[PDB]
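S.K.:
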Amino acid sequence: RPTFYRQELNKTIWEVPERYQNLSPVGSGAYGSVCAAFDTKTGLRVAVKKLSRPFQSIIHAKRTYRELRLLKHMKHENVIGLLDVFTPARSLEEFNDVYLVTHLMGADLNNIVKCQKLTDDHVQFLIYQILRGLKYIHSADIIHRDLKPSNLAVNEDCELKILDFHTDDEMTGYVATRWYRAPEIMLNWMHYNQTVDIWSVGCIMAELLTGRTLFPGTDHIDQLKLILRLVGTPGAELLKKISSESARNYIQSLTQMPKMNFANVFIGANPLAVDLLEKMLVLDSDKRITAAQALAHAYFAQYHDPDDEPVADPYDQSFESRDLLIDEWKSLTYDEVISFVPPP
Ligand SMILES: Nc1c(C(=O)c2cccc(OC[C@@H](O)CO)c2)cnn1-c1ccc(F)cc1
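In structure tokens:
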């Protein structure tokens, strides 16, 4: 057990191992209760997240367990992983606070690229990295579900990590929280798949190429209309898969529209980029390109290396189907904290 010291930061007492020095709040609340620090043991600049007391309810206790399990699993260059996890508690009975330590990133994709068109070379490299991370995440049967520029963090050499794996209110109106969501998830059409994330990548890629939001809808329905104008209205085949009968019924009220010519939308773009976008932005999720398929697309010829695009170890999510008591989720979480082994 290391020696812990106390400091008052985000209106609360942080008790952390001596190895972490010069704690300073970051993100202005937008990432949770997170402080930047210097890890004297590793020489890394790190982010330390103190969970907002994590066992207040069953829902919150399970969410705490979920986040720790996910972060402990992720071991990939393009995905946020766990450098350390600790608690000042000396026993399960004393256990009430969890601190998570990760790499400190420089900026998110949003505040970097906002309103700006990138060069094709830069788009290739950024999207390649996202796809490389997604191949890894998907190989563990994990779906991100909320990919957008604000949960893509980059450093000075354009090296990228996926992080931050919502309420009805925060998804309402003219909001970036919804602009990158696949239509089947936005409108609860069906049980969705991993390629909900590929839709999101398509939206991000389009925006990097143009400097403009692809589907900046003023509400869910306005957004759907923007989407269907580009990709065309659904055919009978997809309509049958919309298991929601009310959703299915609303779609057939719309005047039919053919898919647009993407070369006339993304004017001047690399033809290979246009081709990839056409394969990502397919309405029927069964027919969307996968992360592994996309990595082998000719657009990434200068970066693709099938021997340097690893997959994840299997990830057991059986706990999701389980209904436990707070103290049980808490004990499971404690076991995961005390069993943590840091990376090389
Ligand atoms: N590591 C990060 C960041 C960042 O590194 C980050 C993200 C965007 C911008 C950013 O810039 C920081 C600068 O403003 C200060 O150097 C960091 C944001 N959230 N987390 C995080 C920490 C612990 C966890 F368990 C999970 C996630």
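What the sequence shown shows, in our numbering, is residues 246 to 589, in sequence order.
Every residue, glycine too, gets a C-beta built ideally from N, C-alpha and C.
1) Give the range of the alpha helix (DSSP H) segment to which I496 is assigned.
2) Assign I258 to one of two classes, buried (16 or more other C-beta atoms within 10 Å of its C-beta) or exposed (fewer than that).
3) Straight-line CA distance for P247 to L345?
4) Taking the Cβ atom as the reference point for each residue, do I496 and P516 lie within a distance shorter than 8 Å?
5) Shortest alpha-carbon distance to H367 belongs to which of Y548, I583 and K575?
6) Whole angstroms is fine: what's the gap from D409's alpha carbon to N396's?
7) If contacts are defined as beta-carbon pairs under 8 Å, then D365 and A518 qualify, I think. What distance do you get, rounded to the angstrom?
8) For ligand 1, is there a heavy atom less than 7 Å away from the beta-carbon of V368?
9) Compare the beta carbon distance of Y250 and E263 with 8 Å and say whether it is the shorter of the two.
10) What residue range does the alpha helix (DSSP H) around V556 cover?
11) Measuring only the C-alpha atoms, how far is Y310 from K486?
12) Which partner residues of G288 appear in the DSSP bridge assignment?
13) Under the three-state reduction of DSSP, which class applies to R423: helix, strand or coil?
14) Have a look at the DSSP bridge pairing and note the partners of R251.
15) Would you mind stating whether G447 and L526 have Cβ atoms separated by less than 8 Å?
16) Mind checking which residues open and close the alpha helix (DSSP H) that includes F370?
17) If contacts are defined as beta-carbon pairs under 8 Å, then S297 and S278 qualify, I think. What distance do you get, rounded to the angstrom?
18) Whose C-alpha, out of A537, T578, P588 and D558, is nearest the C-alpha of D442?
19) Terminal residues of the continuous alpha helix (DSSP H) containing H305?
20) The beta strand (DSSP E) spanning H348 covers which residue range?
21) What does DSSP give as the partner residues of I407 in its beta bridges?
22) Is the CB-CB distance between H348 and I325 below 8 Å?
23) What residue does the alpha helix (DSSP H) around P516 start on, and which one ends it?
24) Comparing alpha-carbon positions, which option in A557, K524 and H465 lies nearest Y381?
25) Between the Cα of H389 and those of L577, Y425 and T500, spot the shortest distance and give me the residue it belongs to.
26) Since I believe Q361 is in contact with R423 (beta carbons under 8 Å), could you give me their beta-carbon distance rounded to a whole number of angstroms?
27) Give the DSSP-derived three-state secondary structure of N341 in the structure shown.
28) In terms of DSSP beta bridges, what is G277 paired with?
29) With DSSP collapsed to three states, give me the class of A282.
30) Run through DSSP, which three-state label would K486 get?
31) According to DSSP, is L459 helix, strand or coil?
32) Can the beta-carbon of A421 be found closer than 8 Å to that of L522?
33) How long is the line joining the alpha carbons of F545 and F511, rounded to whole angstroms?
M.R.: Taking the geometry as given:
1) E490 to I496
2) exposed
3) It is roughly 16 Å from the alpha-carbon of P247 to the alpha-carbon of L345.
4) no
5) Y548
6) 6 Å
7) Contact flag correct, Cβ pair sits at about 7 Å.
8) no
9) yes
10) No alpha helix (DSSP H) holds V556; DSSP gives it neither H nor E.
11) Going by the C-alpha atoms only, they are around 33 Å apart.
12) Answer is none; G288 lacks a bridge partner.
13) helix
14) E260
15) yes
16) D365 to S384
17) 6 Å
18) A537
19) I303 to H318
20) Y344 to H348
21) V324 and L397
22) Yes, the Cβ-Cβ distance between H348 and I325 is below 8 Å.
23) That run of the alpha helix (DSSP H) goes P516 to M525.
24) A557
25) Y425
26) About 22 Å separates the two Cβ atoms, so there is no contact after all.
27) It is coil, neither helix nor strand.
28) According to DSSP, which records beta bridges pairwise, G277 is partnered with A275.
29) strand
30) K486: coil per DSSP, three-state reduction.
31) coil
32) Not in contact: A421 and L522 (Cβ atoms no closer than 8 Å).
33) 18 Å
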